[PDB]
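Worksheet: the structure to be examined is printed underneath.
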Amino acid sequence: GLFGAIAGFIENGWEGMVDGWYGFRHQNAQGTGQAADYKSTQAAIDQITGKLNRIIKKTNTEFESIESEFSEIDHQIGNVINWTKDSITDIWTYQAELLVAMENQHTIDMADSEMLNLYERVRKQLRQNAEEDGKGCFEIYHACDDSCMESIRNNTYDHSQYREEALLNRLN
Amino acid sequence: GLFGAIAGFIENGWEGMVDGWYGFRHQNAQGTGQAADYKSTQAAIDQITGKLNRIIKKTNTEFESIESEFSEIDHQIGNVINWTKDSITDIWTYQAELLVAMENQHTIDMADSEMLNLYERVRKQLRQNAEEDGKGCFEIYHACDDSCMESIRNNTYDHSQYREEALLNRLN
Amino acid sequence: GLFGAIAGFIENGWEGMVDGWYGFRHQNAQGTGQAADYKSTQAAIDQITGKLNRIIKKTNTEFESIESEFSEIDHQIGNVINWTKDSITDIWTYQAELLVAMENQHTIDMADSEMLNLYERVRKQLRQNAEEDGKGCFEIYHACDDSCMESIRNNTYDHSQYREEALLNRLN
Amino acid sequence: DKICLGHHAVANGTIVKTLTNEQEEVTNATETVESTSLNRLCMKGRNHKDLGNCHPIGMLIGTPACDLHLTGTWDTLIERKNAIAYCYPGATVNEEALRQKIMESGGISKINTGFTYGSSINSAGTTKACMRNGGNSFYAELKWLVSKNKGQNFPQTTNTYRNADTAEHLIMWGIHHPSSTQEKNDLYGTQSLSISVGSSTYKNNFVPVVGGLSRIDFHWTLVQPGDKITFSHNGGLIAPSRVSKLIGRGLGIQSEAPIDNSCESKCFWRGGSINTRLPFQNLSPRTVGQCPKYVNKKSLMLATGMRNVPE
Amino acid sequence: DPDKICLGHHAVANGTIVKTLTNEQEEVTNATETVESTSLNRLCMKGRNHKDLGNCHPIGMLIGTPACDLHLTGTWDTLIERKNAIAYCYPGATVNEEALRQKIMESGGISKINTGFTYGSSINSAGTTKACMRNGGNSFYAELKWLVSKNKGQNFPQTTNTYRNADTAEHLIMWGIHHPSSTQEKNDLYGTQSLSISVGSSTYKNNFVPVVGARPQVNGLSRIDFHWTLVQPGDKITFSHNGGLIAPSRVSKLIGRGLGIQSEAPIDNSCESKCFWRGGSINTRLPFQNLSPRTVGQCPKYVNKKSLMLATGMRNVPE
Amino acid sequence: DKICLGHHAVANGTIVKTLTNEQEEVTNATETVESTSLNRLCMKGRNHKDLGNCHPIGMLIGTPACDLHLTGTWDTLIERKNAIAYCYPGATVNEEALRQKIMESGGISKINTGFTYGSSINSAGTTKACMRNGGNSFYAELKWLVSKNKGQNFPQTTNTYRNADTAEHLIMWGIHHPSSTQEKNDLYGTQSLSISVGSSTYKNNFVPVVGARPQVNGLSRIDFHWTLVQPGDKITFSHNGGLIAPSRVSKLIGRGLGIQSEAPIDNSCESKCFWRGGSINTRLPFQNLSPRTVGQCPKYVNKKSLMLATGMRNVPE
Ligand SMILES: *[C@@H]1O[C@H](CO)[C@@H](O[C@@H]2O[C@H](CO)[C@@H](O)[C@H](O)[C@H]2NC(C)=O)[C@H](O)[C@H]1NC(C)=O
Ligand SMILES: *[C@@H]1O[C@H](CO)[C@@H](O)[C@H](O)[C@H]1NC(C)=O
Ligand SMILES: *[C@@H]1O[C@H](CO)[C@@H](O)[C@H](O)[C@H]1NC(C)=O
Ligand SMILES: *[C@@H]1O[C@H](CO)[C@@H](O)[C@H](O)[C@H]1NC(C)=O
Ligand SMILES: *[C@@H]1O[C@H](CO)[C@@H](O)[C@H](O)[C@H]1NC(C)=O
Ligand SMILES: *[C@@H]1O[C@H](CO)[C@@H](O)[C@H](O)[C@H]1NC(C)=O
Ligand SMILES: [Ca+2]
């Protein structure tokens, strides 16, 4: 897609992830685990909520009858009414089709972008203590226990702490 | 936002930058500086100017009166005219709302993308002589005086000139 | 552009690449060469074919004559018809202008994004064996013969086999 | 050690359309075109009037069928199929404009015209066609004027109604066209019949014509505040006893569907109510009130999530 | 020293200009037109069972004008009216003329059914006029009969004529009402009695009084008010009169549906189309069109724009 | 050593709506819906006619208020509220369709009927209702025909206007409907009155109605009728009392923009868009002043304001 993450460098989604839209899977000496990222998840939901608030809506214009249901209307004015109504309907049918196709394209790419923005803030946090694998993961060149993995998710991972250890393992 | 810079990894804007939309602030031994980027500022402004040229405009179709201000009109054809006009008003009101919302989205995101493209240009210039702090700044691992800083802005910075010095300071 | 590649850090297009939309040019000891990337080319073409399938289309609504070509219609009805026909034409002309302007903006930004995606795909493959020059090229810090170049183009280049050689060349 | 970034997915995803792709799969979607209708008129929160067998025009002239609907106020008025406007054979001029004008109103009040006639005029003439209380009667708001002594000339009479209200009043009248020349002379005499109606905003003349009950064609006009309307007649006029004031505004609905006071709606059509929140609708092009817009479309799915990429 | 791999895109020497949301002069590698500008100035009738009326006017074919003798009956899916089409030979005017023309043009054929009216010995039904000339001699509207008294001056008898709809499809019936030029003319044709004409059924109910000098005089001849209505399947229509009616000898039924094309442009069976206008025909796959706002059929929408180029490629950044 | 990338901001941000946010703050925004108007008809560069006190129909029959507006050309015609069409009591059949035809025109020219009358007819009948030059007068384009001798029968008269032009002409006439039988006899005589008007395309018959229902200040009334005489065609008036006959016929010239408005004229500003309250000179694409406009206008929308962003997101502090 536009931002290259969802249906891109991320191979697929996680059906097991049910408490969030975006999140982390780690593995270290202690084992493995999973956790959802709140802000990126909520950022995407809020934009769709706003999109729904705008679209799921009707005009408050009060329209009235111009065709009698239970009697004949003049043949001249009736063909005018029909042609007008059909013209209006083709416009709204077109306008509705375009609205939803456009909004759907934007929704997909917008969600694609929030995945990338999450990936990018992690890259910048890790700094020179890790390397990208091309599949969405970061191979960390130091022992990173469950409390270290928490701090990457919590956005308080200080790269300075592990920098010396990490640079040596990367160079080897 | 879509590209993650404005209202993203850049914490906030600078009220003190009153000669450009995008720019630089630096710190070295000499002291501090500030300068605007002309190209990226102008790229944004030019694109917004384009929108205003297309949007702030009316049709040249000459419409004549079909509703008397001062006399009565036939009640049945008057109702058709009221229905037709209110239908058209609903179409244009919807088209206006959508247009402006769609353009406002694209404006904000275009501005965000120019900011990121500048950051990305500066990242590639500095190559292995600097690292990203995650806040829109680059920590440069050598003495970079005002002539050096200017070379980063004006896009003349040769990374070869400071590479050995910088790689020593990075590895420590 | 939005994604900073086409008419961005890529300085110009290659008029000689007639067998694809995106591609590679290499330089090694044996010489230089050129090749199109199929997957990213088709990604762009398939999305444009999708736009054409949706746009090059007509509504199945059949319209009938309400004005008579060869005789005088009523004066008041004709005015209403004329007002309504010109209003509808103004709506469709606006919709047509907006459709194509919006679609063209998306097409060129989509094509820009596909360029960036291929570039980022290559960046993550080469990992620590190469550096970005800022103009869409990667300088590979080990000997990379014609079959090594083909492994980068075929997305099967293993960074780890060249990692020791490359890191030595990058530090020296 | 490793940390992997990723996104959710679901086993069963939903197909939506984009600018680029017909068959794009996403995690969740929602409908924008409503397909279902309630088979009833949702009248909660509406002071409504169901006319039933009464036709809107019939409540101005006052047929037997409209005796409960001669006056009242409402915000919504429901007209039914085969409703009766006329007991005695007739046709109103600009029938549809008058019907729609009544169906736009939010009530009717009736005002006495006060018209008085000489001793040689019988004003209480009835017919077996307009039956009320199991007896011969007539349109409640009109009077059939005839010569009291059969065969005598109807006297040249002048009746003038002034609008003393601050709002316009709707006044109707009939013109009896007799079937045969015998009837014409028995009712109005052998003279030339000349009916003339006139105000500031209206003026017309009517000449009855000869040639198994006969016709009574109805006419109408508005009378502005402070203006007079004057009838000059010598036989043939069906004169009003009261005029009508249409009060405020309301929603006219034409539908055979039953009323339900438990549901609410702002949009109605022939087959019932459309009380969806959705922006679009494929039920009918003919609706009234505050409605979703009609579209030639069965479904149109808005995506409410990312691409679904399972494995 | 180090080897290198470079990413890039294609380009062309000369690209095409398109408009985007932000740029009026955006150059791309390729683009395609979305507004159709060319019209084939002939009526394209390849896959169509067509009827070119030529000199005949649609209303003429129901009443039976000499110009519409060939087109009295038939079937079609397309009906082509022309400019200066003749409806009336003898001066006349139809009530709701345009409505009746549209119904005939919306239909896909007409077939004629005998009403079978007979008249007594004191009625002259086969009278003709030189205004309707046919085969080099005096004639009348084929599907009508001008009824007058047999003997000049004598009163026209009180006649009753009924038509029952024997078909399952509805029939269209027409008749004239003659409003004499003078009292002299009235007496010559219908006598001294006061005239009255009644038409009655379930569907339609109306009464016509012929009056002296009520209608205009085109070349000294009184203009006929033509009227019309639909008889539903099974139902009867009763004409009761005593002079003044110009009664039908035949009725018409409208066979299904079709496409009316008003266009003075020539026919041509080489070309094919699903959309038409006065100037010719519009054969195109494109969504928009700038030939005319008044078309018929399944047509692209009309826009007030010469060209709209849809980009089918990236930005062209040439060498 | 640091080099920091950043963007501008402002203290006074402005709110706009996007696809996903109702309350989005940006550095700058411009309005797209025009809310203001000039209470003036901007008539610069237009050959315009301000009818003022004169109703369009009055131009064809020649009411005293319309004396300056009987012929002319224009590209814009301004009608005003409560404009006078009739000095004498009466009305026109198909009145609103006539007014619409005149307001669509780019001018009126007047052709003489050439109608002559026999010696027993006084064609110069006037009245104190149509005052002109401090003297009793009448509709300038018509003639009140009466008997010269008070009481005598008005002679059976015929008048034929032929259209020599290659375009259609608009002919108007009137039918007098007297107040008392005394008036009817004094002017037209005791005979029964028939008025007949006939062409190739028009026919009607009129009978004066003595003791007409609507009256004012003890006066009768005079109702007007109209039709179009085609090129080459003749129209004949057969009458023996009660016809108000045309001196001239009208020809509507080309096309123009009809405006109905209360606001005063200003010859110093141009404009292409007009409504009841004045002119709309905005460059903005949309407008919320009125759904009733004429000329080349911004589209009406049900919106007080709709702000287009002209800047990035505003992120202060
Ligand atoms: C067409 O719409 C107009 C505007 O809504 C209606 O005119 C208004 O009617 C209300 C009463 O419903 C009056 O109080 C206003 O003074 C009118 N406004 C204007 C500007 O004229 C009009 O009644 C509608 N036409 C028909 C035939 O119903
Ligand atoms: C208008 O459309 C309806 C249904 O689409 C149809 O019943 C009616 O006949 C049409 N009116 C005319 C005048 O053809
Ligand atoms: C409608 O527009 C046509 C030209 O498009 C014009 O010839 C005609 O006069 C107009 N109709 C009326 C009733 O003004
Ligand atoms: C998915 O959308 C449906 C409506 O189409 C809704 O019922 C459901 O709650 C949504 N799923 C969520 C919010 O997880
Ligand atoms: C441009 O695209 C069209 C299809 O939209 C294609 O048929 C055409 O060959 C392309 N033009 C060129 C010059 O290749
Ligand atoms: C931005 O705001 C300034 C005033 O603060 C205004 O003069 C200017 O026109 C605005 N910019 C645009 C492009 O409209
Ligand atoms: Ca209304």
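In the structure tokens, chains take letters A, B, ... by order of appearance, with residues numbered from 1 within each chain and ligands from 1 in the order shown.
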
Quick one: chain A onto chain B, least squares on all Cα paired in order, result as a compact mmCIF listing (two decimals) with C-alpha atoms, in the first residue's frame?
```
# COMPACT_ATOMS: atom_id res chain seq x y z
CA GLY A 1 -0.63 12.49 11.34
CA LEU A 2 -0.17 10.50 8.11
CA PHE A 3 3.55 11.27 7.72
CA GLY A 4 4.40 11.30 11.45
CA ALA A 5 6.33 14.61 11.64
CA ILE A 6 3.97 17.56 12.32
CA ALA A 7 2.00 16.82 15.52
CA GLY A 8 4.14 13.65 15.61
CA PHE A 9 7.88 13.19 16.22
CA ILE A 10 8.28 16.98 16.06
CA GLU A 11 6.91 17.96 19.51
CA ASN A 12 5.61 21.39 18.46
CA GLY A 13 5.98 24.34 16.06
CA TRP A 14 8.20 27.41 16.41
CA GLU A 15 6.32 30.72 16.86
CA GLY A 16 9.68 32.52 16.54
CA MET A 17 10.00 31.26 12.94
CA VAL A 18 8.29 34.05 10.97
CA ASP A 19 10.20 34.10 7.63
CA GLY A 20 9.26 30.51 6.64
CA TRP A 21 7.10 27.42 7.19
CA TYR A 22 9.95 24.93 7.73
CA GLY A 23 13.51 25.42 8.91
CA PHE A 24 16.55 24.70 11.03
CA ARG A 25 17.72 25.39 14.57
CA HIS A 26 21.38 24.56 15.28
CA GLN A 27 23.65 24.58 18.31
CA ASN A 28 27.47 24.38 18.32
CA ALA A 29 30.46 25.85 20.23
CA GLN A 30 29.79 29.29 18.65
CA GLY A 31 26.24 29.37 20.14
CA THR A 32 22.82 28.82 18.52
CA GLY A 33 20.78 30.16 15.58
CA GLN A 34 17.70 29.82 13.36
CA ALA A 35 17.06 29.78 9.59
CA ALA A 36 14.11 29.08 7.27
CA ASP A 37 14.28 26.59 4.38
CA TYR A 38 13.05 28.28 1.21
CA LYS A 39 12.23 25.35 -1.11
CA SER A 40 10.17 23.28 1.34
CA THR A 41 8.33 26.45 2.43
CA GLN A 42 7.59 27.50 -1.16
CA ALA A 43 6.61 23.95 -2.23
CA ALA A 44 3.85 23.98 0.42
CA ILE A 45 2.68 27.54 -0.38
CA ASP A 46 2.54 26.83 -4.15
CA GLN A 47 0.30 23.79 -3.61
CA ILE A 48 -2.10 25.81 -1.43
CA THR A 49 -2.10 28.66 -3.99
CA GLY A 50 -3.05 26.09 -6.68
CA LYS A 51 -5.71 24.68 -4.37
CA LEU A 52 -7.14 28.22 -3.86
CA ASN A 53 -7.04 28.99 -7.62
CA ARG A 54 -9.24 25.94 -8.26
CA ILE A 55 -11.71 26.41 -5.38
CA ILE A 56 -12.15 30.22 -5.15
CA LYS A 57 -14.11 30.30 -8.39
CA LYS A 58 -17.71 30.33 -9.71
CA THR A 59 -19.33 28.93 -12.87
CA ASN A 60 -19.84 31.35 -15.79
CA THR A 61 -23.34 29.92 -16.48
CA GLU A 62 -25.88 32.76 -16.82
CA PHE A 63 -29.05 31.88 -14.85
CA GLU A 64 -32.39 33.68 -15.15
CA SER A 65 -35.57 34.16 -13.13
CA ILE A 66 -38.11 31.34 -12.97
CA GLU A 67 -39.99 32.84 -9.96
CA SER A 68 -41.52 36.32 -10.10
CA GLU A 69 -40.60 38.37 -7.02
CA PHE A 70 -43.59 40.76 -7.41
CA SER A 71 -46.47 38.42 -8.41
CA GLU A 72 -48.10 35.07 -7.64
CA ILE A 73 -46.83 31.99 -9.51
CA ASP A 74 -49.00 28.93 -10.36
CA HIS A 75 -49.31 26.66 -7.32
CA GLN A 76 -48.43 23.49 -9.30
CA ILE A 77 -45.30 24.79 -11.08
CA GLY A 78 -44.17 26.66 -7.90
CA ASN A 79 -44.05 23.51 -5.72
CA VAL A 80 -42.03 21.86 -8.52
CA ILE A 81 -39.61 24.85 -8.61
CA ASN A 82 -39.26 24.84 -4.80
CA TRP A 83 -38.64 21.08 -4.55
CA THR A 84 -36.12 21.29 -7.42
CA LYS A 85 -34.29 24.28 -5.87
CA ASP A 86 -34.16 22.58 -2.44
CA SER A 87 -32.81 19.39 -4.05
CA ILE A 88 -30.09 21.34 -5.89
CA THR A 89 -29.23 23.19 -2.65
CA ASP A 90 -28.90 19.99 -0.59
CA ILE A 91 -26.54 18.65 -3.29
CA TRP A 92 -24.36 21.80 -3.29
CA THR A 93 -24.44 22.05 0.52
CA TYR A 94 -23.27 18.43 0.66
CA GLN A 95 -20.75 18.93 -2.17
CA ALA A 96 -19.27 22.05 -0.49
CA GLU A 97 -18.99 20.34 2.93
CA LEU A 98 -17.22 17.32 1.40
CA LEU A 99 -14.91 19.46 -0.76
CA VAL A 100 -13.61 21.50 2.17
CA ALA A 101 -13.31 18.54 4.61
CA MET A 102 -11.36 16.57 1.99
CA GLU A 103 -9.16 19.51 0.93
CA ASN A 104 -8.42 20.33 4.58
CA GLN A 105 -7.35 16.74 5.32
CA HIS A 106 -5.08 16.72 2.26
CA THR A 107 -3.61 20.17 3.08
CA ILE A 108 -2.60 19.10 6.61
CA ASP A 109 -1.02 15.82 5.45
CA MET A 110 0.63 17.49 2.46
CA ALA A 111 2.36 19.98 4.78
CA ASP A 112 3.17 17.09 7.15
CA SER A 113 4.86 15.36 4.19
CA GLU A 114 7.07 18.35 3.21
CA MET A 115 8.40 18.49 6.79
CA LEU A 116 9.28 14.79 6.48
CA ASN A 117 10.84 15.26 3.01
CA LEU A 118 13.07 18.01 4.45
CA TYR A 119 14.05 15.83 7.43
CA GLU A 120 14.74 12.89 5.09
CA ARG A 121 17.07 14.78 2.69
CA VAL A 122 19.06 16.00 5.75
CA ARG A 123 19.36 12.43 7.13
CA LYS A 124 20.71 11.22 3.78
CA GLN A 125 23.13 14.19 3.52
CA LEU A 126 24.59 13.63 7.00
CA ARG A 127 24.90 9.90 6.26
CA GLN A 128 27.15 8.21 8.93
CA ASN A 129 28.32 11.52 10.51
CA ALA A 130 25.19 11.88 12.71
CA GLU A 131 22.35 10.10 14.52
CA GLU A 132 18.63 10.80 14.94
CA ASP A 133 17.40 11.76 18.44
CA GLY A 134 13.69 10.92 17.84
CA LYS A 135 12.61 14.57 18.23
CA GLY A 136 13.59 15.90 14.77
CA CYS A 137 17.24 16.72 15.58
CA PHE A 138 20.46 15.19 14.31
CA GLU A 139 23.31 14.90 16.82
CA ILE A 140 26.42 15.48 14.69
CA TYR A 141 29.52 13.60 15.83
CA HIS A 142 32.05 16.28 14.82
CA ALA A 143 32.77 19.99 15.34
CA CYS A 144 30.37 21.72 12.95
CA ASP A 145 30.93 25.50 12.92
CA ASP A 146 28.54 28.15 11.47
CA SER A 147 30.00 27.56 7.96
CA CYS A 148 29.46 23.77 8.36
CA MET A 149 25.87 24.37 9.57
CA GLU A 150 25.31 26.63 6.51
CA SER A 151 26.36 23.78 4.16
CA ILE A 152 23.78 21.39 5.69
CA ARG A 153 21.10 24.06 5.01
CA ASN A 154 22.56 24.92 1.57
CA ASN A 155 22.67 21.19 0.58
CA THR A 156 26.47 21.06 0.01
CA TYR A 157 27.58 19.25 3.22
CA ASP A 158 30.18 16.72 2.02
CA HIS A 159 30.08 13.79 4.48
CA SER A 160 33.48 12.48 3.22
CA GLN A 161 35.28 15.48 4.74
CA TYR A 162 34.16 14.68 8.32
CA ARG A 163 33.69 10.87 8.00
CA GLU A 164 36.87 9.64 9.76
CA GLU A 165 36.49 12.05 12.70
CA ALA A 166 32.78 11.17 13.02
CA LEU A 167 32.98 7.35 12.93
CA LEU A 168 35.55 7.40 15.77
CA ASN A 169 33.40 9.63 18.03
CA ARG A 170 30.31 7.45 17.38
CA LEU A 171 32.17 4.24 18.30
CA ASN A 172 34.38 5.78 21.04
```

So which residues of chain C fall under alpha helix (DSSP H) by DSSP, listed as a PyMOL selection string?
chain C and resi 38-55+75-126+146-153+159-171

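Applying a distance limit of 10 Å to only C-alpha atoms, the residues of chain F near chain A read residues 17, 18, 19, 20, 21, 22 and 302 of chain F.
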
Keeping only N, CA and C atoms, write those residues as a CSV table (one decimal), in the first residue's frame.
```csv
chain,number,residue,atom,x,y,z
F,17,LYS,N,-12.7,22.0,9.5
F,17,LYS,CA,-13.2,20.6,9.5
F,17,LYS,C,-12.5,19.8,8.5
F,18,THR,N,-12.1,18.6,8.8
F,18,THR,CA,-11.4,17.7,7.8
F,18,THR,C,-12.3,16.5,7.6
F,19,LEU,N,-11.9,15.5,6.9
F,19,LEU,CA,-12.6,14.2,6.7
F,19,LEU,C,-12.8,13.5,8.1
F,20,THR,N,-11.8,13.6,9.0
F,20,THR,CA,-11.7,12.9,10.2
F,20,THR,C,-11.9,13.7,11.5
F,21,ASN,N,-11.9,15.0,11.5
F,21,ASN,CA,-11.9,15.9,12.7
F,21,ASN,C,-12.8,17.1,12.4
F,22,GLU,N,-13.7,17.3,13.3
F,22,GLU,CA,-14.6,18.6,13.2
F,22,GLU,C,-13.9,19.8,13.7
F,302,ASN,N,-26.7,25.8,2.3
F,302,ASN,CA,-27.3,26.0,3.7
F,302,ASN,C,-26.2,25.9,4.7
```

So that I can check the surroundings of residue 247 of chain F, please list as a JSON list (two decimals) with N, CA, C and O atoms, in the first residue's frame every protein, DNA and RNA residue that reaches within 10 Å of it, counting only C-alpha atoms and ignoring chain neighbours fewer than 3 positions away.
```json
[["chain", "number", "residue", "atom", "x", "y", "z"],
["F", 61, "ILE", "N", -49.31, 48.72, -22.89],
["F", 61, "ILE", "CA", -50.62, 49.39, -23.01],
["F", 61, "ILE", "C", -50.53, 50.91, -22.87],
["F", 61, "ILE", "O", -51.41, 51.63, -23.34],
["F", 110, "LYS", "N", -42.50, 49.56, -31.15],
["F", 110, "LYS", "CA", -43.94, 49.72, -31.34],
["F", 110, "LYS", "C", -44.25, 50.00, -32.81],
["F", 110, "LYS", "O", -43.66, 50.89, -33.42],
["F", 111, "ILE", "N", -45.18, 49.23, -33.36],
["F", 111, "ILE", "CA", -45.64, 49.37, -34.74],
["F", 111, "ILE", "C", -47.10, 49.82, -34.69],
["F", 111, "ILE", "O", -47.86, 49.33, -33.87],
["F", 112, "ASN", "N", -47.47, 50.76, -35.57],
["F", 112, "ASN", "CA", -48.86, 51.25, -35.65],
["F", 112, "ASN", "C", -49.78, 50.16, -36.20],
["F", 112, "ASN", "O", -49.39, 49.42, -37.11],
["F", 113, "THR", "N", -50.99, 50.08, -35.64],
["F", 113, "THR", "CA", -52.05, 49.21, -36.18],
["F", 113, "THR", "C", -52.68, 49.81, -37.44],
["F", 113, "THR", "O", -53.14, 49.08, -38.32],
["F", 114, "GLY", "N", -52.71, 51.14, -37.50],
["F", 114, "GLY", "CA", -53.34, 51.86, -38.60],
["F", 114, "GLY", "C", -54.86, 51.81, -38.57],
["F", 114, "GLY", "O", -55.50, 52.04, -39.59],
["F", 115, "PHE", "N", -55.43, 51.53, -37.40],
["F", 115, "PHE", "CA", -56.88, 51.37, -37.26],
["F", 115, "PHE", "C", -57.60, 52.70, -37.41],
["F", 115, "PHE", "O", -57.37, 53.63, -36.64],
["F", 116, "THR", "N", -58.46, 52.78, -38.43],
["F", 116, "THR", "CA", -59.35, 53.93, -38.65],
["F", 116, "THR", "C", -60.77, 53.56, -38.22],
["F", 116, "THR", "O", -61.12, 52.38, -38.18],
["F", 139, "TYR", "N", -54.91, 55.10, -21.57],
["F", 139, "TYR", "CA", -53.85, 54.22, -22.06],
["F", 139, "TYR", "C", -53.35, 54.66, -23.44],
["F", 139, "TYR", "O", -54.12, 54.71, -24.39],
["F", 140, "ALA", "N", -52.06, 55.00, -23.51],
["F", 140, "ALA", "CA", -51.46, 55.62, -24.69],
["F", 140, "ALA", "C", -51.43, 54.73, -25.94],
["F", 140, "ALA", "O", -51.40, 55.25, -27.06],
["F", 141, "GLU", "N", -51.41, 53.42, -25.75],
["F", 141, "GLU", "CA", -51.33, 52.48, -26.87],
["F", 141, "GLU", "C", -52.68, 51.92, -27.29],
["F", 141, "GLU", "O", -52.76, 51.14, -28.24],
["F", 142, "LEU", "N", -53.74, 52.34, -26.61],
["F", 142, "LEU", "CA", -55.09, 51.86, -26.88],
["F", 142, "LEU", "C", -56.06, 53.05, -27.03],
["F", 142, "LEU", "O", -55.70, 54.18, -26.69],
["F", 143, "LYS", "N", -57.26, 52.78, -27.54],
["F", 143, "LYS", "CA", -58.29, 53.80, -27.71],
["F", 143, "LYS", "C", -59.64, 53.31, -27.18],
["F", 143, "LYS", "O", -60.12, 52.25, -27.58],
["F", 171, "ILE", "N", -50.01, 41.73, -29.78],
["F", 171, "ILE", "CA", -51.16, 42.63, -29.82],
["F", 171, "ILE", "C", -52.00, 42.49, -28.56],
["F", 171, "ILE", "O", -52.37, 41.38, -28.19],
["F", 172, "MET", "N", -52.27, 43.61, -27.90],
["F", 172, "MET", "CA", -53.15, 43.64, -26.75],
["F", 172, "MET", "C", -54.42, 44.41, -27.07],
["F", 172, "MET", "O", -54.44, 45.25, -27.96],
["F", 173, "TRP", "N", -55.49, 44.09, -26.34],
["F", 173, "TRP", "CA", -56.74, 44.84, -26.41],
["F", 173, "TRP", "C", -57.48, 44.72, -25.09],
["F", 173, "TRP", "O", -57.11, 43.94, -24.22],
["F", 244, "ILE", "N", -61.75, 48.04, -26.51],
["F", 244, "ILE", "CA", -60.71, 49.04, -26.26],
["F", 244, "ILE", "C", -59.59, 48.63, -27.20],
["F", 244, "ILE", "O", -58.85, 47.70, -26.92]]
```

Per residue of chain D within 10 Å of chain B, which atom pair is closest and at what distance in Å (one decimal), using only C-alpha atoms, listed by chain and increasing number, as a tab-separated table?
```
residue	atom	partner	partner_atom	distance
D:94	CA	B:76	CA	9.0
D:96	CA	B:76	CA	7.5
D:97	CA	B:76	CA	5.5
D:98	CA	B:75	CA	8.5
D:100	CA	B:76	CA	8.0
D:101	CA	B:75	CA	8.0
D:201	CA	B:72	CA	9.9
D:293	CA	B:87	CA	9.7
```

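Of the listed residues (E:218, E:310, E:212, E:271), E:218 comes nearest to chain F; the distances count only C-alpha atoms.
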
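Among F:228, F:87, F:222, F:26, the residue with the shortest atom-to-atom distance to ligand 6, counting only C-alpha atoms and all ligand atoms, is F:26.
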
Could you find all residues in segment 75-176 of chain D that DSSP calls strand (DSSP E or B) from the backbone, and write them as an MDAnalysis selection string?
chainID D and resid 76:79 84 90:92 107:112 121:125 127:132 135:137 142:147 157:162 169:176

Using only C-alpha atoms and a distance of at most 7 Å, pull out the residues of chain F that contact chain E, as a PDB file with C-alpha atoms, in the first residue's frame.
```pdb
ATOM      1  CA  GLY F 198     -59.825  36.221 -34.869  1.00  0.00           C
ATOM      2  CA  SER F 199     -56.646  35.168 -36.705  1.00  0.00           C
ATOM      3  CA  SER F 200     -55.124  31.985 -38.236  1.00  0.00           C
ATOM      4  CA  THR F 201     -53.960  30.910 -34.746  1.00  0.00           C
ATOM      5  CA  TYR F 202     -56.378  32.683 -32.323  1.00  0.00           C
ATOM      6  CA  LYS F 203     -60.136  32.979 -31.774  1.00  0.00           C
ATOM      7  CA  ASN F 204     -62.253  34.209 -28.884  1.00  0.00           C
TER       8      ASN F 204
END
```

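As for atom CA of residue 78 of chain E and atom CA of residue 293 of chain E, they are spaced 20.7 Å apart.
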
Using only C-alpha atoms, which of D:19, D:91, D:124, D:78 sits nearest residue 137 of chain D?
D:124

Residue list for chain E near chain A as a list in words, 9 Å, only C-alpha atoms
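For chain E, the answer reads residues 96, 98, 99 and 100 of chain E.
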
Selected residues written out with C-alpha atoms, as a PDB file, in the first residue's frame:
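The new file part27.pdb reads:
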```pdb
ATOM      1  CA  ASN E  96     -52.538  18.090 -25.131  1.00  0.00           C
ATOM      2  CA  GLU E  98     -47.231  17.444 -26.981  1.00  0.00           C
ATOM      3  CA  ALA E  99     -48.341  14.758 -24.495  1.00  0.00           C
ATOM      4  CA  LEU E 100     -49.923  12.697 -27.307  1.00  0.00           C
TER       5      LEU E 100
END
```
